Amino acid sequence: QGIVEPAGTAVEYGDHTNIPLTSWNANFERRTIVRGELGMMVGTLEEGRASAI
Amino acid sequence: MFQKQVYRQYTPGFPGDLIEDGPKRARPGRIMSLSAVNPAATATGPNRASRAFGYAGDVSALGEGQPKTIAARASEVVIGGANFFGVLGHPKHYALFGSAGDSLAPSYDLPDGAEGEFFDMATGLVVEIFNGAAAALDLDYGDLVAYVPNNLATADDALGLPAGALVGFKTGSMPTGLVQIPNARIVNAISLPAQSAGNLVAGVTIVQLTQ
């Protein structure tokens, strides 16, 4: 994601006075993706024994 | 009206006016009353045009409570400063305001708290010049300029020079108490007569290159 951030300020008027100017400054932000995992395993005898209950 | 003599030619220009076109730099400012200086002013004078001015401080706060709004970027100046800020010019900007006696009277000074334009660079600028040695002096094309400070000691100010007058001098004969303006040249010829205290000849306005 990005940002804009404008800038600038004014002065009093004059015929031969210099000219003030404005600008801006953009920035960016980042986030990180995290992954997880989980598994399982069943045996033949334990599966049959657990079915008794 | 008021013309009692007829001369063979027009004057090249008036003090505080641009006489040539080229690179230039200017900034606005607000004039501070000379009485506001703390160590007091040894040299005094009005806010006459075509006189040097010095930086005094920043007045951009614009507020009274705990938070303040920085609305603009403004500078505040005094008639004589150690730090050089510019030379008041362009008289067409301001208003006459008359005088104390009656309006429609010729005046050439600005009141305290008023705005102005000050020049740091100018290819050609007409300003009035002064003699700081109380003797006859011929400047010639290439010279240097200096301005009187307020903190100039009276011992170095035997002549009653004003607060911010401009003084011309040779390359190696600068007066003791003045402040030099770097990279400033007269770029014109002029001669000044003998001078004395109380009978200060105002000199003659002359072209001058600020930077």
# chains A, B, ... in the order shown; residues from 1 in each chain; ligands from 1
call {"tool": "interface_residues", "arguments": {"of": "chain B", "to": "chain A", "cutoff": "8 Å", "atoms": "only C-alpha atoms", "output": "compact mmCIF listing (two decimals) with C-alpha atoms, in the first residue's frame"}}
result
# COMPACT_ATOMS: atom_id res chain seq x y z
CA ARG B 25 16.51 37.93 -6.00
CA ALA B 26 14.10 39.46 -3.49
CA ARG B 27 12.20 38.52 -0.34
CA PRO B 28 9.36 40.10 1.66
CA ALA B 71 0.14 29.51 8.23
CA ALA B 72 2.93 31.28 6.32
CA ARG B 73 6.70 31.68 6.15
CA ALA B 74 7.45 35.30 7.07
CA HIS B 93 4.41 48.92 -4.11
CA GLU B 117 10.52 44.02 -0.67
call {"tool": "select_by_dssp", "arguments": {"residues": "chain B", "states": "strand (DSSP E or B)", "output": "PyMOL selection string"}}
result
chain B and resi 17-31+48+52-58+72+75-78+84-88+109+115-128+130+137-138+144-147+166-169+179-180+185+191-192+205-209
call {"tool": "residues_around", "arguments": {"residues": "residue 22 in chain B", "least_positions_apart": "6", "cutoff": "10 Å", "atoms": "only C-alpha atoms", "output": "PyMOL selection string"}}
result
chain B and resi 121-124
call {"tool": "closest_residue", "arguments": {"among": "B:54, B:15, B:172, B:142", "to": "residue 85 in chain B", "atoms": "only C-alpha atoms"}}
result
B:54
call {"tool": "closest_residue", "arguments": {"among": "A:28, A:50, A:21, A:35", "to": "residue 2 in chain A", "atoms": "only C-alpha atoms"}}
result
A:28
call {"tool": "atom_distance", "arguments": {"atom1": "CA of residue 7 in chain A", "atom2": "CA of residue 84 in chain B"}}
result
29.1 Å
call {"tool": "select_by_dssp", "arguments": {"residues": "chain A", "states": "helix (DSSP H, G or I)", "output": "PyMOL selection string"}}
result
chain A and resi 44-50
call {"tool": "write_last_selection", "arguments": {"atoms": "N, CA, C and O atoms", "output": "PDB file, in the first residue's frame"}}
result
ATOM      1  N   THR A  44      -3.269 -49.664  11.587  1.00  0.00           N
ATOM      2  CA  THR A  44      -4.315 -50.648  11.318  1.00  0.00           C
ATOM      3  C   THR A  44      -4.917 -51.194  12.609  1.00  0.00           C
ATOM      4  O   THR A  44      -6.143 -51.263  12.753  1.00  0.00           O
ATOM      5  N   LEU A  45      -4.070 -51.588  13.561  1.00  0.00           N
ATOM      6  CA  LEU A  45      -4.575 -52.205  14.784  1.00  0.00           C
ATOM      7  C   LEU A  45      -5.241 -51.180  15.694  1.00  0.00           C
ATOM      8  O   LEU A  45      -6.274 -51.468  16.308  1.00  0.00           O
ATOM      9  N   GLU A  46      -4.661 -49.982  15.799  1.00  0.00           N
ATOM     10  CA  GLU A  46      -5.247 -48.954  16.653  1.00  0.00           C
ATOM     11  C   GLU A  46      -6.611 -48.518  16.135  1.00  0.00           C
ATOM     12  O   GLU A  46      -7.519 -48.224  16.923  1.00  0.00           O
ATOM     13  N   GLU A  47      -6.774 -48.460  14.810  1.00  0.00           N
ATOM     14  CA  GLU A  47      -8.072 -48.110  14.240  1.00  0.00           C
ATOM     15  C   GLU A  47      -9.129 -49.149  14.591  1.00  0.00           C
ATOM     16  O   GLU A  47     -10.262 -48.799  14.938  1.00  0.00           O
ATOM     17  N   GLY A  48      -8.779 -50.433  14.501  1.00  0.00           N
ATOM     18  CA  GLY A  48      -9.731 -51.474  14.849  1.00  0.00           C
ATOM     19  C   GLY A  48     -10.057 -51.501  16.330  1.00  0.00           C
ATOM     20  O   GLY A  48     -11.213 -51.697  16.717  1.00  0.00           O
ATOM     21  N   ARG A  49      -9.045 -51.314  17.179  1.00  0.00           N
ATOM     22  CA  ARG A  49      -9.276 -51.305  18.620  1.00  0.00           C
ATOM     23  C   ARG A  49     -10.142 -50.123  19.036  1.00  0.00           C
ATOM     24  O   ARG A  49     -11.017 -50.257  19.900  1.00  0.00           O
ATOM     25  N   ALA A  50      -9.910 -48.952  18.435  1.00  0.00           N
ATOM     26  CA  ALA A  50     -10.683 -47.769  18.796  1.00  0.00           C
ATOM     27  C   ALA A  50     -12.147 -47.905  18.400  1.00  0.00           C
ATOM     28  O   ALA A  50     -13.011 -47.256  19.001  1.00  0.00           O
TER      29      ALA A  50
END
call {"tool": "closest_residue", "arguments": {"among": "B:29, B:86, B:182, B:67", "to": "residue 211 in chain B", "atoms": "only C-alpha atoms"}}
result
B:182
call {"tool": "residues_around", "arguments": {"residues": "residue 1 in chain A", "least_positions_apart": "3", "cutoff": "12 Å", "atoms": "only C-alpha atoms", "output": "number ranges by chain"}}
result
A: 4, 26-31
call {"tool": "residues_around", "arguments": {"residues": "range 191-203 of chain B", "least_positions_apart": "6", "cutoff": "7 Å", "atoms": "only C-alpha atoms", "output": "MDAnalysis selection string"}}
result
chainID B and resid 128:130 134:139 158:160
